[PDB]
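Trainee: First the structure, then my questions, so here it is.
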Amino acid sequence: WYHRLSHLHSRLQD
């Protein structure tokens with residue numbers, strides 16, 4: 001699933 005990691009870390013931002 002790690003190809004979607006960028007999508008989670010984009011939602012982590014403020």
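Each chain in the structure tokens gets a letter, A, B, ..., in the order shown, and its residues are numbered from 1; ligands are numbered from 1 in order too.
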Could you please write out, as an MDAnalysis selection string, every residue of chain A that DSSP assigns to helix (DSSP H, G or I)?
Mentor: chainID A and resid 2:11
Trainee: Just write the chosen residues, N, CA, C and O atoms, as an mmCIF file, in the first residue's frame.
Mentor:
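Output (out23.cif):
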```cif
data_model
loop_
_atom_site.group_PDB
_atom_site.id
_atom_site.type_symbol
_atom_site.label_atom_id
_atom_site.label_comp_id
_atom_site.auth_asym_id
_atom_site.auth_seq_id
_atom_site.Cartn_x
_atom_site.Cartn_y
_atom_site.Cartn_z
ATOM 1 N N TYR A 2 2.175 1.139 0.222
ATOM 2 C CA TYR A 2 3.061 2.288 0.383
ATOM 3 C C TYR A 2 3.125 3.316 -0.750
ATOM 4 O O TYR A 2 3.704 4.385 -0.574
ATOM 5 N N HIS A 3 2.538 3.007 -1.910
ATOM 6 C CA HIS A 3 2.462 3.960 -3.011
ATOM 7 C C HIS A 3 1.448 5.061 -2.696
ATOM 8 O O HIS A 3 1.471 6.116 -3.326
ATOM 9 N N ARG A 4 0.562 4.819 -1.722
ATOM 10 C CA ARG A 4 -0.413 5.803 -1.270
ATOM 11 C C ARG A 4 0.092 6.580 -0.055
ATOM 12 O O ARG A 4 -0.634 7.416 0.478
ATOM 13 N N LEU A 5 1.325 6.319 0.394
ATOM 14 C CA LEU A 5 1.879 6.971 1.575
ATOM 15 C C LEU A 5 1.895 8.490 1.396
ATOM 16 O O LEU A 5 1.696 9.230 2.355
ATOM 17 N N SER A 6 2.132 8.958 0.168
ATOM 18 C CA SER A 6 2.172 10.385 -0.122
ATOM 19 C C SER A 6 0.806 11.026 0.111
ATOM 20 O O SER A 6 0.730 12.206 0.450
ATOM 21 N N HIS A 7 -0.278 10.262 -0.058
ATOM 22 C CA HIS A 7 -1.625 10.779 0.135
ATOM 23 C C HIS A 7 -1.925 10.962 1.621
ATOM 24 O O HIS A 7 -2.643 11.889 1.990
ATOM 25 N N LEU A 8 -1.383 10.087 2.476
ATOM 26 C CA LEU A 8 -1.575 10.198 3.913
ATOM 27 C C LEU A 8 -0.738 11.357 4.449
ATOM 28 O O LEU A 8 -1.225 12.154 5.254
ATOM 29 N N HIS A 9 0.517 11.459 4.004
ATOM 30 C CA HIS A 9 1.405 12.516 4.462
ATOM 31 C C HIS A 9 1.012 13.883 3.901
ATOM 32 O O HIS A 9 1.472 14.908 4.408
ATOM 33 N N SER A 10 0.167 13.925 2.868
ATOM 34 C CA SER A 10 -0.376 15.182 2.369
ATOM 35 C C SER A 10 -1.533 15.654 3.247
ATOM 36 O O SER A 10 -1.797 16.852 3.321
ATOM 37 N N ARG A 11 -2.214 14.716 3.914
ATOM 38 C CA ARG A 11 -3.311 15.029 4.824
ATOM 39 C C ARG A 11 -2.815 15.288 6.247
ATOM 40 O O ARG A 11 -3.571 15.775 7.085
#
```
